[PDB]
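One structure is given here, and the rest of the page talks about it.
Any read-out appearing in this document is the output of simple, stated calculations on the displayed coordinates, not a laboratory observation. Reconstructed Cβ throughout: ideal geometry from the backbone, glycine too, with neighbour counts over all protein chains shown.
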């Protein structure tokens, strides 16, 4: 069997919400790029959809994007706006083209998400410190071999001064360290906290630090033996971040106290009136503040899933703030919060995702109109077949009637509950409603036009079904899901006693239970062949059942966390599983096999439905968006030929008018390789070597004993080797002549016997120096 | 408290320059391994020229440390001296642990000035190790004459 879908990066998805802004980038000035779950290009003074860089098809590559999901950490622009660069939630940094949406390089070397990413004033160096407790310098070539500063234990915050030298660092470790650019050494570490350096800003020569201590500590630049100028105290709660003015005559500060305040005579106090304001600061603690590039306004990165526009009270700027404007999103973040429930229609052109206070209308990716009466998140949604009306259920015990034409509610469905509506679905023509209610009863509802005395547009409640007092040990009476037989013979419904009970179209007779569940269920469904039913429960166990009991077909235990929704295909061939662990699982119904696993949801998926079209997949999640689918002695001889080969080259320097072994001199190589070989059977390596090894050998001995190097070899090693090479071969069995080696050995051994006799006399005074005090401590 | 940490930044910084205040600063603090490193680079090179008391002379003066041993107190004497007990154990390093010992008897009197803690375990402990290192260098010396003495 062939299931739909693909493993490609895009299938006409509308998964990008353009929300959750933390940072922002100033690009062309008139345009301001917004860091969100994409890169969304904004205008700085209109707030309209200029362009959105997201997943799709760039020209020249496949499975390539404009930006990714899994929220972007920092966005910034090139100093000549000629480069695009995003650090993501992974350890890899992506550089995109500014004009096109191709990619240049992928930067790896971070094992954690990037917490600091920016350019310099030169632009040729990139800098990125991450949550893996180091800061990494980068180049347009890809040069990781420049620097690696690791002296921290947490994430890192502060950086550059544009002198191309003499960097500083502020980190979230409780430390603020000082460094030199050429050869890094912690000359001084300043510590004026006990918690976390939240935000960092230098004014002109004053570096201030914000922390959990709720204080602003000021600091000097050319600093040594830390300079202190004073402490500003008690913003009210810990400050989050701040910003200097682009004209550098003020300084704006931000906190999670929802108050922004600027210093002015800037100064060590706040000395300008603030009752000129008319468009009060913010509804939610904001993350980053930027002065606008038009030099009149303000851009505020709120934690209310959007960034905004304001101003700062001053005479050059607007002395009050204006109302905040937002961009043209697709009206997916223009409406407020997370989607709990979705529903599809019969014409396959009404995609509706409800929320805390909104119900939206989509065809595939184009939005028509919103409808708002929700006093809560909607636990279930259900269209009318034909696309005329839609019935909704909120967190109140309240069902809502909406028309498709406009935002006007036709009928508020009568409040007859004491607990909220979890589930609801209708029959084939749409004239029977079965709902979820913890009033310990099952409620049928009438449905027709209102031209009579029984309202079917308000669903007058004539019939009553209640027999729920069955005794268990878990809890007696609560239902979770309800499900209608599409052939209309029976009703299936979930219960909290780990059972499902089946009763037919009319009054109670007991077809079948299912029981044996370790945990209660969330989803049960009936196919169209109508012999089997699926069940899914919070024990990470999905079971298929026919009619049996106590004979388990197969306990499909394949997840890690509890499920959300498991449903059949709308033509009885496929069934799929979405869970809390943000992964879609395709499963063939005829077998127990799996065909396709979809992991492209970095956000937790809450609800999911697939239409009767058989060509797309609709998903609800926590970013509230839809993802539509379809030798040893040779080391000695080579070493000695190298070292003598260099010494003879340096011998005829100018009175007579190889990069590496390793050192400034090769002879430091020569002794250390003697320490490289092991303490056992190196004598075999010596006795291999002929007289030429001896002639080239003794010169390094006279070299190191004129150089007075005891720092890389030792007199026990030198005597331990030379006493062997004298006993193997030889002085008057290799030559017989009164030559320079013969008188060379005389000064060599005089150096050795003197230098070793010194240590001999030092020890020989040390011991009897120690005895005589024990002679007196009687 | 915090001045201990910035004081450790002083100890990390001081190693680039002179070794005397680095020696006293790491001596009164932790850790003695870096203290072993600065004594290694100071007393490490073989040199037997003009007047010292422990051999601390170079192109830049380190005999000031000779006075800094003179200014040292008794608890630092026992704290350094137990590190001499630890460093007399293995071969090839004990020579470094010799050098300060020949110093300290030159810079304090025989009483180990008046108020003296318990170190009879120490002054008992150092004698067999140095007695053991006596004979080895004696054999290297008396065998070193044999390569000259034949021809």
*asked:* I'm checking my understanding of the structure. Among residues of the stretch A:413-469 that are more than 22 Å from residue A:507 (Cα to Cα) and in contact with a strand residue (DSSP E or B) (Cβ under 6 Å, 6 or more places away or on another chain), which one is surrounded by the fewest Cβ atoms within 10 Å (Cβ to Cβ)?
replied: A:457
*Is at least one residue of the stretch B:39-46 in a loop (DSSP other than H, G, I, E, B), buried (at least 18 other Cβ atoms within 10 Å of the Cβ) and within 14 Å of chain A (Cβ to nearest Cβ)?*
yes
*For the stretch A:190-202, name all the residues that are under 18 Å from residue A:226 (Cα atoms) and either within 14 Å of chain B (Cβ to nearest Cβ) or in a loop (DSSP other than H, G, I, E, B) (or both).*
A:190, A:191, A:192, A:193, A:194, A:197
*If we keep just the residues of the stretch A:143-189 that are touching a helix residue (DSSP H, G or I) at 6+ places or on another chain (Cβ under 8 Å) and part of a strand (DSSP E or B), which is surrounded by the most Cβ atoms within 10 Å (Cβ to Cβ)?*
A:189
*Would you pick out the residues in the stretch B:90-104 that are surrounded by fewer than 16 Cβ atoms within 10 Å (Cβ to Cβ) and more than 7 Å from every other protein chain (Cβ to nearest Cβ)?*
B:90, B:91, B:93
*Could you please find all residues in the stretch B:105-149 being surrounded by 19 or more Cβ atoms within 10 Å (Cβ to Cβ) and more than 10 Å from every other protein chain (Cβ to nearest Cβ)?*
none
*Within the stretch B:60-67, can one find any residue that is within 20 Å of residue A:765 (Cα to Cα), away from every other protein chain (no Cβ under 12 Å) and not in a helix (DSSP H, G or I)?*
no
*Inspect all residues belonging to the stretch A:214-231 and state whether any of them is under 14 Å from residue A:174 (Cα atoms), assigned to a strand (DSSP E or B) and out of contact with any helix residue (DSSP H, G or I) (no Cβ under 9 Å at 6 or more places or on another chain).*
yes
*asked:* residue A:775 - would you say it is more than 7 Å from every other protein chain (Cβ to nearest Cβ), loosely packed, with under 12 Cβ neighbours inside 10 Å and part of a loop (DSSP other than H, G, I, E, B)?
replied: no
*Going through the stretch A:578-612 one residue at a time, which ones are over 28 Å from residue A:19 (Cβ atoms) and assigned to a loop (DSSP other than H, G, I, E, B)?*
A:589, A:590, A:591, A:592, A:593, A:612
_Is it the case, given these coordinates, that residue A:543 is buried (at least 20 other Cβ atoms within 10 Å of the Cβ), over 27 Å from the mean Cα position of the chain (by Cα) and within 26 Å of residue A:515 (Cα to Cα)?_
yes
*Output the residues belonging to the stretch A:495-507 that are in a strand (DSSP E or B) and more than 20 Å from residue A:463 (Cα to Cα).*
A:499, A:500
*Can you name every residue in the stretch A:475-511 that is exposed (fewer than 13 other Cβ atoms within 10 Å of the Cβ) and farther than 18 Å from residue A:435 by Cα?*
A:475, A:487, A:509, A:510
*All but one of (1) touching a strand residue (DSSP E or B) at 6+ places or on another chain (Cβ under 8 Å); (2) part of a loop (DSSP other than H, G, I, E, B); (3) over 25 Å from residue A:454 (Cβ atoms) hold for residue A:353, so report the exception by its number.*
(2)
